[PDB]
Structure formats: C-alpha cells, structure tokens
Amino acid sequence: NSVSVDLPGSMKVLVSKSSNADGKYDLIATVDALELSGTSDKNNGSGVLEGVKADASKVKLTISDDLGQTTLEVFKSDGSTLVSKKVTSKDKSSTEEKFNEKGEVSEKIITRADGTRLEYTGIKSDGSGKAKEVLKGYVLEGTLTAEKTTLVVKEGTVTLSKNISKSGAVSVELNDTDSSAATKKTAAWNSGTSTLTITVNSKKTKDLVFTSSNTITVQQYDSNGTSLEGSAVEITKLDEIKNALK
C-alpha cells in the first residue's frame, strides 16, 4: 500500500502509493528515534515532513524534488527559531550548523564527499571564528573571517598559510623571517595548477601540490633548481609538511 524510499543522510521515508482527493501523497519518515509525517505533490519521496522531539523541539525534514538534497532542521518548541540544521547535498557533501540562543549560526561543520572536513567553531556575528581542516592523516588549524579561512603550519622561521577564500578558492603563501639570502625561503603560488613552488637562493627546491582530492604532494627539484626529480610523494602526516618547510 506504500513505497519505501532511502534518503541522503541515512534516513528513510514511506510514501503512499496514490494521492488523496487534493492530489497529495502522505509521507511518514523515520529519523533516528523520531517519527515525522507530512505531504507532497510527488510520489518519489520528496516533500516536507514535521515532528516533535521528546523535549518539545519541532523538527522539519525537507527532501528536494529530485531526491538529491535533504535538509533536517530542529527548532525551539514554538518552531520559530532554529537550533540545528543539517543538509546533505547532491554532491554528497554535508553541512551541519548549530545556532546559539538567539538562533545565529555558532558552529558549521562541512563534510566533503571524501570525508575530509572544515570545522568552524566559536563563530561570531561578523562571521569570524576558529577553523580546522580535517584531512586524511592530519589536521590543519587556523582562523575564520568573512574574507577567508587561514590554516597555518609553522616550522622554524617559516609560516605556511593555506587560505580558503569566501567563495572557496585556494591560495597558499609562505612567509619566512630568515634574513639570510642564502637560506631564506620564498614561494610562488600558481592558482592554475594548485601548486606552491618554494625557492631558496634563486633556485627552486620543491613543488607542493594541493590536489582536488584534498591531499598535499611534495616533489623536489634537481640540484639545478630547474627540473623536477623523482616523483611526487603524498603527505600523510603533519610532520611531512613541516619537513618540507625546513
């Protein structure tokens, strides 16, 4: 009498096989221990469902028309102000937000399809906060502002910064307080190839590639400072980034 549909974000909805006299389908969904119910124009699992937690919190689940997006929202008991919101997008990334007493976002966790994460905590009304990127094998720590996320690794006199612009573009910069032209590191960012080239005393030393799989590779140049040698190695721990900056 009804069709079961699996939903992005580990949920499931039951849909009536045929519509009522208003043309609408009934929906019942299970979300952890909670039962939600609602209606829809389609028979495919899309629609809007509501329920109440044992503590009187209102819950709403919205499923996009194409079943590609789900939004799970938790509100205060009068349903007026958000407490939490989780969205799973069609690219299988996820965004989880918490809201403070006045219902402003105070935390946002973005989980990429590969499981790497951007964690923003202590978010203030100007969109500043603490930031952390969780990669495979290591974590990069830094700050958030409404202009950019800045993740930082330090080694000796060298500071490496991974900046993620507000629109999501990446740029990497290298600062070095070393004043000796023979050993001081400088670096050039090639936005086209996602590659940071480090130079010491007018010779290239290493390429750091920031890949679209959210990994970092390092490859050394020959003694000539002009040709790459060997093959790039994938960073698996923060110590290897620090070693690259020596």
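Residue indices: 1-based, along the sequence shown.
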**OP:** Check the entry's C-alpha temperature factors for 208-216 and 181-189, then say which stretch has the higher mean.
**Re:** 181-189
Original post:
When the C-alpha temperature factors are averaged for each of 130-138 and 96-104, which stretch ends up with the higher value in the entry?
Top reply: 96-104
**OP:** In terms of CA temperature factor as recorded, identify the highest of 116, 88, 143, 175.
**Re:** 175
Original post:
If you rank the chain by CA B-factor, which third does residue 109 end up in: lowest, middle or highest?
Top reply: middle
**OP:** Among all modelled residues of this chain, ranked by Cα B factor, put residue 194 in the bottom, middle or top third, i.e. lowest, middle or highest.
**Re:** middle
Original post:
Which third, lowest, middle or highest, does the CA B-factor of residue 26 fall in along this chain?
Top reply: middle
Original post:
What third of its chain's C-alpha B-factors does residue 64 belong to: lowest, middle or highest?
Top reply: middle
**OP:** Can you work out whether the C-alpha temperature factor of residue 15 puts it in the lowest, middle or highest third of the chain?
**Re:** highest
